[PDB]
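A.B. asks: Show me how the following folds:
(2 chains)
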Amino acid sequence: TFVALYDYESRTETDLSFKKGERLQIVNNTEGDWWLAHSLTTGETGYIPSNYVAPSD
Amino acid sequence: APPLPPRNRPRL
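C.D. replies: Residues are numbered from 1 along each chain as shown, chains lettered A, B, ... in the order given. Provided below are the atomic coordinates:
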């Protein structure tokens, strides 16, 4: 899983907003710098900037 | 915070 290093506020409807420390499952990472992520904390799914998150445990 | 990356290539 991944963890957010920064908060992120969605800039389009299909982005995923998240908070620093939130645990994310990366569900698609082959389309570019923006990855499709599923929040394990909120259950929501949307695109995220890959440089705002890092591998977790 | 880091610069946001450009949006992905849209698929057709």
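
A.B. asks: so who does residue 11 touch?
C.D. replies: No chain was given, so I picked chain A. residue B:4 (Cβ atoms under 8 Å, 6 or more residues apart in numbering or on different chains). Where C-beta positions appear, they are placed from N, C-alpha and C, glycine not excepted.

A.B. asks: not what I meant, chain B
C.D. replies: Contacts of residue B:11 (Cβ under 8 Å, 6+ apart): residue A:31.

A.B. asks: Okay, it and residue A:50: tell me how far apart.
C.D. replies: 18 Å (Cβ to Cβ, to the nearest Å).

A.B. asks: just how off-centre is stretch A:25-32 within its chain?
C.D. replies: Remark: stretch A:25-32 is offset 9 Å from the chain centroid, using Cα atoms, centre = their mean, to the nearest Å.

A.B. asks: Would you mind naming what in chain A lies close to chain B?
C.D. replies: A:6, A:11, A:31-34, A:47, A:49-52 (Cβ under 8 Å from any Cβ of the partner chain).

A.B. asks: Looking at the residues you listed, which is nearest residue B:6?
C.D. replies: Checking the residues of chain A next to chain B against residue B:6 with Cβ to Cβ, the nearest one is residue A:33 at 6.9 Å.

A.B. asks: any idea how far the most centrally placed residue in chain B lies from residue A:34?
C.D. replies: By Cα atoms, centre = their mean, chain B has its centre lying nearest to residue B:7, at 2.0 Å. Shown here: residue B:7 relative to residue A:34, a distance of 6 Å by Cβ to Cβ.

A.B. asks: ok, now residue A:12?
C.D. replies: 10 Å.

A.B. asks: Which one of the two is surrounded by more residues?
C.D. replies: residue A:34 (22 against 9; other Cβ atoms under 10 Å in any protein chain shown).
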